[PDB]
Every structure is written in structure tokens, then in C-alpha cells.
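Visitor: Pasting in a structure now, in C-alpha cells, and then I'll have a few things to ask.
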Amino acid sequence: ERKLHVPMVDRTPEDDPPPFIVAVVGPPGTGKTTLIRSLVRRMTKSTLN
Amino acid sequence: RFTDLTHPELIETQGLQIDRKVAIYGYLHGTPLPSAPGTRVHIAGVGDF
Amino acid sequence: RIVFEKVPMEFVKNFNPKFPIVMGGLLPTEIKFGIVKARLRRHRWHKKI
Amino acid sequence: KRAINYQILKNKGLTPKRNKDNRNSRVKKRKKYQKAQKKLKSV
Amino acid sequence: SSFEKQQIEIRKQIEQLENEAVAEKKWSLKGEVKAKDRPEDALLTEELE
Amino acid sequence: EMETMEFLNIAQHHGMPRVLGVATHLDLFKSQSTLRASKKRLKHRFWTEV
Amino acid sequence: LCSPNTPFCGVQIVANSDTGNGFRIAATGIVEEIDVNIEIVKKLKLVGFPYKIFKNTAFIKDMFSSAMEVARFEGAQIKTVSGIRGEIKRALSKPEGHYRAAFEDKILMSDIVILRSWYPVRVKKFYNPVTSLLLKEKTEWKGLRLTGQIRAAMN
RNA sequence: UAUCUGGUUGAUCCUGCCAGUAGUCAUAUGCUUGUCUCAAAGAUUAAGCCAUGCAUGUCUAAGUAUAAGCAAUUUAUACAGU
RNA sequence: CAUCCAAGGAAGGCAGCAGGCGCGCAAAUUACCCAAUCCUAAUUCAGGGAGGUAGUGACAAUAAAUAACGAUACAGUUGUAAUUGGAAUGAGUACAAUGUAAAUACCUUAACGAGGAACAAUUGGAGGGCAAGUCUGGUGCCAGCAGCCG
RNA sequence: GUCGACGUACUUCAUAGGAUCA
Ligand SMILES: Nc1nc2c(ncn2[C@@H]2O[C@H](COP(=O)(O)OP(=O)(O)OP(=O)(O)O)[C@@H](O)[C@H]2O)c(=O)[nH]1
Ligand SMILES: [Mg+2]
Ligand SMILES: [Mg+2]
Ligand SMILES: [Mg+2]
Ligand SMILES: [Mg+2]
Ligand SMILES: [Mg+2]
Ligand SMILES: [Mg+2]
Ligand SMILES: [Mg+2]
Ligand SMILES: [Mg+2]
């Protein structure tokens with residue numbers, strides 16, 4: 001039963017989909033920027049100052 | 001990225017107050033955007049163009 | 001690349017890259033102006049009615 | 001810094017008004033029994 | 001700028017609406033109204049159910 | 001904080017997207033016990049929203 | 001306009017200067033219909049007093065300033081604060097504004113008779129799009145102020 | 001089923017009937033969740049598919065060291081410690 | 001079925017411990033250690049996701065806080081207190097010590113920790129009453145529905 | 001095809017009797 005849902009249409013293209021938008025939202029001073037730099041380094045091995 | 005295509009000569013002859021022509025670059029998302037010009041779009045915090 | 005004409009100059013002058021620029025297509029009904037009938041309730045955590 | 005208030009923190013929502021006697025069952029039963037004794041004295 | 005002109009128009013309208021909000025309501029919006037409070041034969045013009 | 005709660009309510013009404021809670025500044029805690037209690041309270045409150 | 005079922009949220013304050021400490025999400029809702037006109041209406045009550053009573057029949061004053069007004073409201077439904085229902089029968093020629101009414105039961109002098117009526121209301125066509133990106137500060141966009149704020153400002 | 005409640009008429013009793021009220025266990029789910037001891041974690045009859053890491057090595061005085069290994073040395077020019 | 005590839009070839013088996021997919025809707029940590037239990041070896045010594053330790057949705061179970069003793073006040077010897085007096089204590093914080101392989105926790109304990117004791121117990125059910133308010137019906141002033149809206 | 005038979009799952013109608021009183 002829990003598999004059932006309202007049928008809908010997904011318009012994501014089959015080929016070459018756009019990048020997923022990841023928004024780092026939070027109060028000031030929580031560490032949004034330092035999170036992005038750490039994440040970017042892991043995937044690309046280069047630090048964005 | 002954001003780019004202003006206004007010819008600087010128009011900026012000086014008429015002044016900074018003149019309306020500008022701008023080019024916006026980015027990935028498209030959601031349903032396909034029609035190719036023909038004249039499509040109405042709303043830029044959040046600016047207005048409808 | 002999308003080019004817009006008659007863009008206000010304040011957008012170009014007061015341009016902060018930190019603030020995102022979100023463009024959204026508009027369906028025909030979004031263009032029309034008129035009276036909107038809706039069901040609305042005060043947010044539960046909002047102090048005043 | 002805008003810390004969340006008590007309503008947002010506990011999120012008790014809309015609840016009925018409950019007498020303080022419900023917080024401790026021992027006190028509630030003590031009051032019930034003494035009231036019952038006062039009622040026996042009339043029976 | 002055109003945006004600035006829009007701002008003057010809007011500010012004029014905000015001044016008007018602030019003044020209207022402060023102003024004492026019309027007799028029709030006072031709830032109970034007696035013949036003395038409202039203009040004589042005010043109901044003649046108006047459409048009431 | 002209020003901003004965190006304000007965003008969630010906006011997202012909930014406009015179509016809830018994937019939400020991942022990331023807790024920082026945990027090194028500021030001085031006790032392991034109180035750190036676990038804050039994590040448990042913080043996690044359960046977060047579960048109600050998302 | 002926007003298609004039905006479109007949810008939305010409403011806020012009263014967007015400027016950082018007026019944020020304060022309270023929650024800023026003021027309203028939530030779902031648009032049900034789109035139209036070009038609406039017929040909001042408001043209750044308007046006419047308040048008068050009786051001066052001469054003949055059992056069920058009675059004469060009332062202070063509904064109306066002239067027999068012009070009574071002319072339309074003949075047969076109108078009226079009742080007292082006590083709940084005795086009545087009808088506006090006929091306008092007295094003298095004095096102006098006085099009319100004869102009949103009630104299901106005899107009314108008292110101290111009673112107040114009221115006529116229920118409905119007054120149309122109009123929606124104000126005010127539209128002030130938020131244009132934060134066009135501002136230098138981008139975080140203190142301010143538009144029409146709240147009634148409480150205006151009253152405080154003028155004292 | 002029992003007990004209790006209610007309906008069976010112009011009313012009250014005595015029968016009878018009718019309806020609701022019992023149960024732990026199991027599955028799913030909702031709201032709440034402060035302290036001490038203790039303890040388990042299956043399930044689409046899908047024994048369906050797996051990124052990544054680990055899960056099986058082992059030398060005593062007592063099988064084989066000229067490691068161009070280490071450190072001790074003339075306790076050791078066959079070796080002798082590790 | 002499926003990974004790498006210079007396309008010539010090469011490498012696969014989590015119904016082991018963690019952790020993923022199987023949906024678009026969901027649930028333990030990719031944690032520490034061999035200190036105990038025992039197992040393997042040439043062996044007292046090395047290894048052991050076997051196993052233990054801790055973390056994590058109220059699985060199933062045990063015990064058990066959220067106040068106790070008075071005075072005053074008000075009301076029909078009973079009830080009610082955002083009244084009032086000074087005594088008690090742990091939830092929590094924390095020197096320390098104990099605990100442990102190292103830690104967390106427990107048991108101890110200096111110093112803090114209580115009147116709205118806001119240090120803010122919950123989940124269900126039953127029954128009211130209020131209006132210049134709203135709707136429906138009719139052997140007048142009534143009845144039904146109901147009443148966050150006067 | 002508002003088709004027939006069967007199987008399965010449900011809905012429904014048949015409850016008042018004696019005594020006293022007015
Ligand atoms: N001690 C500690 N400091 C942290 C942590 N996360 C962030 N910080 C500090 O918080 C400060 C701000 O970090 P940022 O990366 O600038 O956070 P931000 O989201 O960019 O903040 P804004 O850009 O000002 O809106 C830095 O000095 C960080 O060192 C954390 O976990 N522990
Ligand atoms: Mg930053
Ligand atoms: Mg604890
Ligand atoms: Mg829950
Ligand atoms: Mg408590
Ligand atoms: Mg304790
Ligand atoms: Mg040697
Ligand atoms: Mg596994
Ligand atoms: Mg040997």
C-alpha cells in the first residue's frame with residue numbers, strides 16, 4: 001500500500017539532465033561557506049578560497 | 001553569469017538612466033523553454049520581461 | 001544565452017553576485033491580473049491575527 | 001540571534017486546559033480519596 | 001529611471017492608502033447607524049438589501 | 001533559530017524539496033553527555049518538520 | 001492570476017530593520033478560484049427607538065430622516081433586541097422619518113428596533129511588486145505600512 | 001459469551017428479544033517520551049542487485065638469514081643478539 | 001547480470017560486519033577494542049567486524065520523580081488560591097575520585113540547581129453555558145441544526 | 001452486451017408476551 005501514490009509526470013530529460021541545485025541555507029555564522037568549500041574539495045580536489 | 005550588452009556609447013549620449021540590454025547565462029530546468037523569442041518570463045525581484 | 005531588453009538600470013548597477021537571479025517562465029494565466037479567491041489561515045506560530 | 005521561543009520549541013500546539021492534579025497521579029488520588037471520605041461522612 | 005518613476009507613483013499611492021486607513025470609516029461601515037449620524041436621505045442614493 | 005524554521009515552512013507550502021540537516025559547532029560542547037542530549041533533542045525536533 | 005490549487009505563503013515584514021523576534025510567516029493558503037469581480041458585502045444595521053405603542057402596532061423614530069427613505073423599506077424585516085420580529089408597514093406623513101410597524105408581540109418603550117441590511121464592499125486594487133534586487137541594500141524593501149504601525153507613527 | 005447500559009408503549013412491574021460493552025497476541029499507524037537496571041533489531045514467499053572499507057593469518061631457546069637491515073662487538077674468522 | 005579498457009584484453013560474487021538500491025514516500029554506526037569469552041598459529045607475546053564496548057525509533061521487561069508540612073485569605077466545617085512561612089530533594093551543571101583497554105554511563109561527592117516550584121505529563125471520552133451572530137421548518141414569542149464568524 | 005448458471009462477499013424483512021393502572 002505504501003508504494004502507491006498519485007500518478008504524476010516527471011519531465012526530467014532522459015539524456016544530459018541539468019545539475020541538481022543544492023542550496024546551503026542557514027542562519028548567519030553557522031558555516032554555510034565552509035561547508036561548500038569542504039564539499040567542493042572532496043569532489044574536485046581543489047579548494048575554492 | 002550576468003552580462004550587460006548595452007553599447008557604452010548609448011550610456012554616455014543618453015546617460016546612465018537609460019534602460020539596458022542584458023544577457024543571462026545558465027542551465028535550463030523544468031519543462032522545455034520554447035525556442036521562438038517573445039516568451040514571457042519573470043525574474044524574481046526584478047519584474048516580468 | 002537569453003537576452004532581455006528594457007531591463008532597469010538599477011539591476012545592473014546594484015548587482016550583488018551573492019543574491020541569486022532566478023528566472024521563471026510564465027503560463028498564460030500568470031500574465032492576467034484580476035481578483036484571486038483563496039482559502040487562507042493565520043500561521044499557527046504568528047503572534048497576531 | 002533570533003532563538004526559537006517556547007511554542008516553537010515544545011510544539012505543544014492546541015491542547016485542552018488540564019488541572020495541575022493530572023501532573024502527579026498520587027496527589028490526584030489523595031484528593032479523590034479525601035473527598036470520598038467527606039462524602040461518606042454524609043452517607 | 002523608469003523604476004524610480006514607478007517608485008514615486010507607488011509612494012503617492014502609499015500616502016493615499018495610509019491616509020485612508022487612518023481616516024474615520026464611512027457611515028455605512030460603522031455597523032449601527034441612526035438617521036442623525038448619516039447624511040439625510042443617504043440611503044436614497046445607495047443600493048441596500 | 002527562527003530563520004531555519006522560517007525556511008522550512010516556506011518550503012513546505014511551496015513543494016517540499018529534499019532536506020538534509022547539518023549540525024555544526026558541536027565541538028563547543030564541553031560534556032559528551034550533554035552533547036548527546038542536544039543531538040537527540042535536535043534530531044527529534046528536526047524529524048517533526050521534515 | 002494563477003491556476004487553482006496553487007499554494008502560497010504570506011508575510012507582513014520583509015525588512016531586516018523590522019524583523020524583530022517573532023515569526024515572520026504570517027499566512028498560508030491555497031488559491032481556490034480566479035475571477036475579475038467579487039461581491040463581498042457587509043452587515044449594516046439601522047438603529048431607532050419606539051415612542052407610541054398600540055399592542056402589536058407601534059410607531060418608531062430614528063430609522064430614517066424622511067418619508068423618502070421609509071418608502072423603500074415598507075415590508076422590510078425588523079426585530080427588537082429582545083427578538084420580537086416586526087414589519088415596516090407605512091410611513092407617517094407627520095413627522096418626517098416616522099413610520100408605523102407591526103410586531104408579533106407588544107414591544108416595550110425601552111426596546112430598540114433594528115433593521116438588518118447588507119452593504120456591498122469593494123476590493124482595493126493595490127499592487128506593489130517586491131523588487132529587492134533593484135535596491136542598493138536589497139534587504140529593507142518597505143511598502144505600505146500596517147495600521148498599527150501608522151497609528152504609532154503619528155501618535 | 002458473562003457483567004453493565006439503552007430500545008422494545010398511553011404509563012409502571014415481570015419475563016423474552018434486539019444493539020453496544022471482553023480478551024491477550026500479531027500487523028500497520030498516531031500523539032507523548034524526564035531517571036535506574038535490562039535487552040532485541042527478519043519478512044515484497046525479493047535465497048532480488050550491490051559502490052566503498054574491513055572480516056585469516058601464524059615464529060618459540062628449539063626447521064632455512066653473508067637483507068649490500070638494525071644494534072651490539074672482539075663471545076665469539078663457520079654462525080651465534082634482533 | 002555487471003566493473004575497467006588504449007577495444008588487444010582483465011577482473012566479479014555481502015544469505016559475513018558497517019553502509020546503499022529495489023518508489024516518487026523514508027528508520028541503527030560506513031563508530032572504539034581485543035580488556036573479558038573462547039578460537040587459530042611455529043605460538044604466554046601475533047590475529048580474530050567471532051565477540052565485547054558505546055551510539056541509535058518507547059521491541060519485550062524491573063523499579064520510580066513531577067512535591068511534603070503549616071498559616072493567612074475568600075466562598076457556601078466544606079471547597080478554592082499566579083496568597084504566604086521555612087524545611088526536603090533530584091532532573092540538570094560540575095572540581096574530584098571510582099568505573100573502563102580508553103571513554104560514556106551507573107554507584108559516590110565538594111560547589112550550583114525550586115513557588116507559576118515556567119525545572120511549564122500526556123493520551124482518549126462525556127457533558128455543558130454564553131450573542132443586538134448565522135442557517136432551516138412552521139398551528140404566533142417556538143423547535144432543529146449548530147455557533148473560533150457579533 | 002445494463003447476458004445465463006455457479007462460486008464468493010454483503011444488505012434486508014419478519015419480536016414481542018403476561019399483570020396492573022387510565
Ligand atoms: N568552532 C567551530 N567554529 C565553526 C564551526 N563551523 C563554522 N565555524 C566558524 O564559524 C565562522 C564562520 O564560518 P563561515 O564559513 O563563514 O559561515 P558562513 O555561513 O559563511 O557565515 P556568513 O557568510 O557570514 O553568512 C568561522 O570562523 C568558522 O571557523 C564549527 O563546527 N566549530
Ligand atoms: Mg559565507
Ligand atoms: Mg544521562
Ligand atoms: Mg511519532
Ligand atoms: Mg517534566
Ligand atoms: Mg541521577
Ligand atoms: Mg647475524
Ligand atoms: Mg550486511
Ligand atoms: Mg619448530
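Chain labels A, B, ... are given in the sequence in which chains occur in the C-alpha cells; within each chain residues are numbered consecutively from 1, and ligands are likewise numbered from 1 in the order shown.
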Hey, list the chain F side of the contact with chain D: 10 Å cut-off, only C-alpha atoms, answer as a short mmCIF file (atom, residue, chain, number, x, y, z; two decimals) with N, CA and C atoms, in the first residue's frame.
Guide:
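Dumped everything to iface_24.cif:
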data_model
loop_
_atom_site.label_atom_id
_atom_site.label_comp_id
_atom_site.auth_asym_id
_atom_site.auth_seq_id
_atom_site.Cartn_x
_atom_site.Cartn_y
_atom_site.Cartn_z
N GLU F 1 17.03 28.09 15.22
CA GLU F 1 16.80 29.52 15.14
C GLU F 1 15.57 29.77 14.28
N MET F 2 15.10 31.02 14.30
CA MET F 2 13.87 31.34 13.59
C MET F 2 14.04 31.19 12.08
N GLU F 3 15.19 31.61 11.54
CA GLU F 3 15.39 31.54 10.10
C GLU F 3 15.30 30.11 9.60
N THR F 4 15.88 29.17 10.35
CA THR F 4 15.79 27.77 9.97
C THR F 4 14.33 27.33 9.91
N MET F 5 13.54 27.71 10.92
CA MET F 5 12.13 27.35 10.93
C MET F 5 11.37 28.08 9.83
N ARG F 41 17.64 15.75 21.17
CA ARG F 41 16.58 16.76 21.11
C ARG F 41 16.55 17.43 19.75
N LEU F 42 17.73 17.81 19.24
CA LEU F 42 17.79 18.47 17.94
C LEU F 42 17.28 17.55 16.84
N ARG F 45 13.29 17.08 17.09
CA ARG F 45 12.62 18.28 16.60
C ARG F 45 12.72 18.39 15.09
N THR F 48 10.16 16.18 13.21
CA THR F 48 8.79 16.64 13.12
C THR F 48 8.58 17.47 11.86
#
Visitor: Which chains and residue numbers are within 9 Å of ligand 4, counting only C-alpha atoms (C1' of nucleotides) and all ligand atoms, if I want them as a list in words?
Guide: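 After applying the 9 Å limit, what remains is residues 47 and 48 of chain F; 30, 31 and 32 of chain H; 57 of chain I.
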Visitor: By how many Å are CA of residue 42 in chain E and CA of residue 125 in chain G apart?
Guide: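 According to the coordinates, CA of residue 42 in chain E and CA of residue 125 in chain G are separated by 25.8 Å.
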Visitor: 10 Å from ligand 9 is the threshold here; counting only C-alpha atoms (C1' of nucleotides) and all ligand atoms, which polymer residues fall inside it? Answer as an MDAnalysis selection string.
Guide: (chainID H and resid 59:60 62:63) or (chainID I and resid 42:43)
Visitor: Around ligand 5, which protein and nucleic acid residues have at least one atom no more than 7 Å from it, if we count only C-alpha atoms (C1' of nucleotides) and all ligand atoms? List them as a count of residues only.
Guide: 3
Visitor: Just list the residues in chain D DSSP gives alpha helix (DSSP H) on the backbone, as number ranges by chain.
Guide: D: 6-10, 25-42
Visitor: List as a PyMOL selection string the protein and nucleic acid residues lying within 9 Å of ligand 7, with only C-alpha atoms (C1' of nucleotides) and all ligand atoms counted.
Guide: chain H and resi 65-66+79-82
Visitor: Keeping only C-alpha atoms (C1' of nucleotides), write those residues as a PDB file, in the first residue's frame.
Guide:
ATOM      1  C1'   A H  65      69.345 -15.298   7.111  1.00  0.00           C
ATOM      2  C1'   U H  66      76.844 -13.289   4.470  1.00  0.00           C
ATOM      3  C1'   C H  79      77.098 -18.969  12.591  1.00  0.00           C
ATOM      4  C1'   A H  80      75.604 -17.221  17.347  1.00  0.00           C
ATOM      5  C1'   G H  81      71.559 -10.689  19.527  1.00  0.00           C
ATOM      6  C1'   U H  82      67.048  -8.705  16.934  1.00  0.00           C
TER       7        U H  82
END
Visitor: Near range 42-45 of chain G, counting only C-alpha atoms (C1' of nucleotides), which residues have an atom at most 8 Å away, once you skip same-chain residues fewer than 6 positions from it, shown as an MDAnalysis selection string?
Guide: (chainID E and resid 28:33) or (chainID G and resid 114:121)
Visitor: Could you write out the selected residues, including N, CA and C atoms, as a compact mmCIF listing (two decimals), in the first residue's frame?
Guide:
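Result written to out_33.txt:
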# COMPACT_ATOMS: atom_id res chain seq x y z
N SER E 28 -21.56 53.86 6.37
CA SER E 28 -22.02 52.52 6.03
C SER E 28 -21.18 51.44 6.71
N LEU E 29 -19.93 51.74 7.05
CA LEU E 29 -19.02 50.78 7.64
C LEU E 29 -18.92 50.92 9.16
N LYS E 30 -19.84 51.65 9.78
CA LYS E 30 -19.85 51.84 11.22
C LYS E 30 -20.72 50.82 11.95
N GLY E 31 -21.32 49.88 11.23
CA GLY E 31 -22.22 48.94 11.87
C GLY E 31 -23.59 49.54 12.09
N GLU E 32 -23.91 49.85 13.35
CA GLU E 32 -25.15 50.57 13.64
C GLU E 32 -25.04 52.01 13.17
N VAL E 33 -26.06 52.47 12.45
CA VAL E 33 -26.16 53.85 12.02
C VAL E 33 -27.58 54.33 12.26
N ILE G 114 -34.24 47.18 15.29
CA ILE G 114 -33.12 47.21 14.37
C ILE G 114 -33.53 46.53 13.07
N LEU G 115 -33.08 47.09 11.95
CA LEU G 115 -33.30 46.54 10.62
C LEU G 115 -31.97 46.02 10.09
N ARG G 116 -31.93 44.74 9.74
CA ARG G 116 -30.73 44.15 9.17
C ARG G 116 -30.65 44.46 7.68
N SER G 117 -29.48 44.94 7.24
CA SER G 117 -29.27 45.28 5.85
C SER G 117 -27.82 44.99 5.49
N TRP G 118 -27.58 44.82 4.19
CA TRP G 118 -26.28 44.37 3.69
C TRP G 118 -25.73 45.40 2.72
N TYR G 119 -24.52 45.89 3.00
CA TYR G 119 -23.87 46.95 2.24
C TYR G 119 -22.69 46.41 1.45
N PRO G 120 -22.63 46.59 0.13
CA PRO G 120 -21.54 45.99 -0.64
C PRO G 120 -20.19 46.63 -0.33
N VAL G 121 -19.14 45.83 -0.49
CA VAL G 121 -17.76 46.25 -0.22
C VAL G 121 -16.92 45.94 -1.45
Visitor: Mind checking which residues fall within 12 Å of residue 105 in chain G, counting only C-alpha atoms (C1' of nucleotides), ignoring those fewer than 4 positions away in the same chain, and posting them as a PyMOL selection string?
Guide: (chain G and resi 53-58+79-80+82-87+101) or (chain I and resi 140-141)
Visitor: Got time to write the residues from that selection, N, CA and C atoms (P, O5', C5', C4', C3', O3' and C1' of nucleotides), as a PDB file, in the first residue's frame?
Guide:
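Listing of result.pdb after writing:
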ATOM      1  N   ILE G  53     -47.102  53.097  21.247  1.00  0.00           N
ATOM      2  CA  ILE G  53     -47.341  51.662  21.140  1.00  0.00           C
ATOM      3  C   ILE G  53     -48.833  51.395  21.271  1.00  0.00           C
ATOM      4  N   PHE G  54     -49.373  50.596  20.349  1.00  0.00           N
ATOM      5  CA  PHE G  54     -50.748  50.095  20.410  1.00  0.00           C
ATOM      6  C   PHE G  54     -50.687  48.576  20.291  1.00  0.00           C
ATOM      7  N   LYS G  55     -50.420  47.902  21.407  1.00  0.00           N
ATOM      8  CA  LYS G  55     -50.353  46.435  21.455  1.00  0.00           C
ATOM      9  C   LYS G  55     -49.348  45.990  20.395  1.00  0.00           C
ATOM     10  N   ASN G  56     -49.746  45.188  19.405  1.00  0.00           N
ATOM     11  CA  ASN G  56     -48.805  44.771  18.371  1.00  0.00           C
ATOM     12  C   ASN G  56     -48.288  45.964  17.581  1.00  0.00           C
ATOM     13  N   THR G  57     -49.182  46.857  17.168  1.00  0.00           N
ATOM     14  CA  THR G  57     -48.783  48.010  16.376  1.00  0.00           C
ATOM     15  C   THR G  57     -47.984  48.985  17.230  1.00  0.00           C
ATOM     16  N   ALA G  58     -47.046  49.679  16.594  1.00  0.00           N
ATOM     17  CA  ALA G  58     -46.241  50.677  17.275  1.00  0.00           C
ATOM     18  C   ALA G  58     -45.711  51.659  16.243  1.00  0.00           C
ATOM     19  N   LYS G  79     -36.674  43.629  13.765  1.00  0.00           N
ATOM     20  CA  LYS G  79     -36.880  42.973  15.047  1.00  0.00           C
ATOM     21  C   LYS G  79     -36.204  43.792  16.135  1.00  0.00           C
ATOM     22  N   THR G  80     -36.640  43.562  17.368  1.00  0.00           N
ATOM     23  CA  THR G  80     -36.095  44.241  18.530  1.00  0.00           C
ATOM     24  C   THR G  80     -34.851  43.516  19.037  1.00  0.00           C
ATOM     25  N   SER G  82     -34.812  42.295  21.998  1.00  0.00           N
ATOM     26  CA  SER G  82     -35.398  41.142  22.667  1.00  0.00           C
ATOM     27  C   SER G  82     -35.696  40.004  21.700  1.00  0.00           C
ATOM     28  N   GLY G  83     -35.792  40.291  20.406  1.00  0.00           N
ATOM     29  CA  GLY G  83     -36.057  39.278  19.407  1.00  0.00           C
ATOM     30  C   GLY G  83     -37.466  39.253  18.862  1.00  0.00           C
ATOM     31  N   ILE G  84     -38.302  40.229  19.207  1.00  0.00           N
ATOM     32  CA  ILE G  84     -39.655  40.280  18.665  1.00  0.00           C
ATOM     33  C   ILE G  84     -39.572  40.795  17.235  1.00  0.00           C
ATOM     34  N   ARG G  85     -40.075  40.006  16.292  1.00  0.00           N
ATOM     35  CA  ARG G  85     -39.978  40.334  14.878  1.00  0.00           C
ATOM     36  C   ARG G  85     -41.117  41.256  14.466  1.00  0.00           C
ATOM     37  N   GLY G  86     -40.834  42.121  13.496  1.00  0.00           N
ATOM     38  CA  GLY G  86     -41.814  43.100  13.070  1.00  0.00           C
ATOM     39  C   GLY G  86     -41.620  43.481  11.620  1.00  0.00           C
ATOM     40  N   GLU G  87     -42.510  44.354  11.151  1.00  0.00           N
ATOM     41  CA  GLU G  87     -42.518  44.803   9.768  1.00  0.00           C
ATOM     42  C   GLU G  87     -42.741  46.305   9.727  1.00  0.00           C
ATOM     43  N   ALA G 101     -45.259  50.347  12.402  1.00  0.00           N
ATOM     44  CA  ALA G 101     -44.753  48.987  12.339  1.00  0.00           C
ATOM     45  C   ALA G 101     -45.653  48.077  13.158  1.00  0.00           C
TER      46      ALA G 101
ATOM     47  P     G I 140     -47.264  27.832  16.457  1.00  0.00           P
ATOM     48  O5'   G I 140     -47.167  29.366  16.042  1.00  0.00           O
ATOM     49  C5'   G I 140     -46.214  30.219  16.654  1.00  0.00           C
ATOM     50  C4'   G I 140     -46.388  31.649  16.214  1.00  0.00           C
ATOM     51  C3'   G I 140     -45.511  32.671  16.915  1.00  0.00           C
ATOM     52  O3'   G I 140     -44.201  32.727  16.383  1.00  0.00           O
ATOM     53  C1'   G I 140     -47.746  33.473  16.770  1.00  0.00           C
ATOM     54  P     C I 141     -42.963  32.157  17.231  1.00  0.00           P
ATOM     55  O5'   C I 141     -42.666  33.300  18.301  1.00  0.00           O
ATOM     56  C5'   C I 141     -41.341  33.783  18.511  1.00  0.00           C
ATOM     57  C4'   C I 141     -41.105  34.160  19.952  1.00  0.00           C
ATOM     58  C3'   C I 141     -41.354  33.041  20.957  1.00  0.00           C
ATOM     59  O3'   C I 141     -40.450  33.159  22.056  1.00  0.00           O
ATOM     60  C1'   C I 141     -42.819  34.841  21.406  1.00  0.00           C
TER      61        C I 141
END
Visitor: Tell me, counting only C-alpha atoms, for each residue of chain C within 12 Å of chain D, which pair of atoms is nearest and how far apart they are in Å to one decimal, in rows ordered by chain and increasing number, as a Markdown table.
Guide:
| residue | atom | partner | partner_atom | distance |
| --- | --- | --- | --- | --- |
| C:43 | CA | D:13 | CA | 11.9 |
| C:44 | CA | D:13 | CA | 8.3 |
| C:45 | CA | D:8 | CA | 7.1 |
| C:46 | CA | D:8 | CA | 10.4 |
| C:47 | CA | D:7 | CA | 10.5 |
Visitor: Store the residues picked out above in a file with C-alpha atoms, as a PDB file, in the first residue's frame.
Guide:
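Output saved as out-v3.pdb:
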ATOM      1  CA  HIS C  43       0.056  30.829  10.634  1.00  0.00           C
ATOM      2  CA  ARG C  44      -0.063  28.990  13.934  1.00  0.00           C
ATOM      3  CA  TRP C  45       3.200  30.451  15.252  1.00  0.00           C
ATOM      4  CA  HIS C  46       2.345  34.000  14.160  1.00  0.00           C
ATOM      5  CA  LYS C  47       1.530  36.059  17.236  1.00  0.00           C
TER       6      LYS C  47
END
Visitor: If we count only C-alpha atoms (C1' of nucleotides) and set the cut-off at 10 Å, which residues sit around residue 5 in chain A, ignoring sequence neighbours fewer than 3 positions away in its own chain? Please answer as a PyMOL selection string.
Guide: (chain A and resi 1-2+8) or (chain I and resi 23-25)
Visitor: Please give me, as a list in words, the residues lying within 9 Å of ligand 3 when counting only C-alpha atoms (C1' of nucleotides) and all ligand atoms.
Guide: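 Using only C-alpha atoms (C1' of nucleotides) and all ligand atoms, everything at most 9 Å from ligand 3 comes to residues 33, 34 and 37 of chain F; 35 of chain H; 105 of chain I.
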Visitor: Within 12 Å of ligand 8 (counting only C-alpha atoms (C1' of nucleotides) and all ligand atoms), which residues show up? I'd like them as an MDAnalysis selection string.
Guide: (chainID H and resid 50 55) or (chainID I and resid 14:20 30 49)
Visitor: Which residues come within 12 Å of residue 42 in chain D, counting only C-alpha atoms (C1' of nucleotides), excluding same-chain residues fewer than 6 positions away, as a VMD selection string?
Guide: (chain D and resid 35 to 36) or (chain I and resid 78)
Visitor: Can you tell me which residues come within 12 Å of ligand 1 when counting only C-alpha atoms (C1' of nucleotides) and all ligand atoms, ideally as a list in words?
Guide: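 Counting only what the definition allows, namely only C-alpha atoms (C1' of nucleotides) and all ligand atoms, the set is residues 23, 24, 25, 26, 27, 28, 29, 30, 31, 32, 33, 34, 35, 36, 37, 38 and 49 of chain A; 18 of chain C; 22, 23, 24, 25, 26, 27, 28 and 29 of chain F.
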Visitor: Write the residues of the selection above to a file with C-alpha atoms, as a short mmCIF file (atom, residue, chain, number, x, y, z; two decimals), in the first residue's frame.
Guide:
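For reference, again.cif as written:
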data_model
loop_
_atom_site.label_atom_id
_atom_site.label_comp_id
_atom_site.auth_asym_id
_atom_site.auth_seq_id
_atom_site.Cartn_x
_atom_site.Cartn_y
_atom_site.Cartn_z
CA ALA A 23 21.08 25.35 -1.55
CA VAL A 24 23.11 25.80 1.64
CA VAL A 25 20.60 27.70 3.80
CA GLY A 26 21.15 28.65 7.42
CA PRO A 27 21.43 31.45 9.97
CA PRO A 28 24.48 33.74 9.78
CA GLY A 29 27.71 32.31 11.12
CA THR A 30 26.61 28.66 11.05
CA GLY A 31 29.19 27.62 8.46
CA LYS A 32 27.49 27.66 5.07
CA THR A 33 30.57 28.75 3.13
CA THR A 34 32.98 26.40 4.90
CA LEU A 35 30.57 23.57 4.11
CA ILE A 36 30.67 24.39 0.39
CA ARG A 37 34.47 24.58 0.34
CA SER A 38 34.79 21.22 2.10
CA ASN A 49 39.27 30.37 -1.45
CA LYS C 18 25.66 36.71 -3.66
CA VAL F 22 23.68 19.56 9.13
CA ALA F 23 24.60 20.38 12.73
CA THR F 24 27.81 22.35 13.30
CA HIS F 25 29.66 23.87 16.26
CA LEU F 26 29.37 20.58 18.17
CA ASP F 27 32.97 20.97 19.33
CA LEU F 28 31.83 23.87 21.53
CA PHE F 29 30.16 21.39 23.90
#
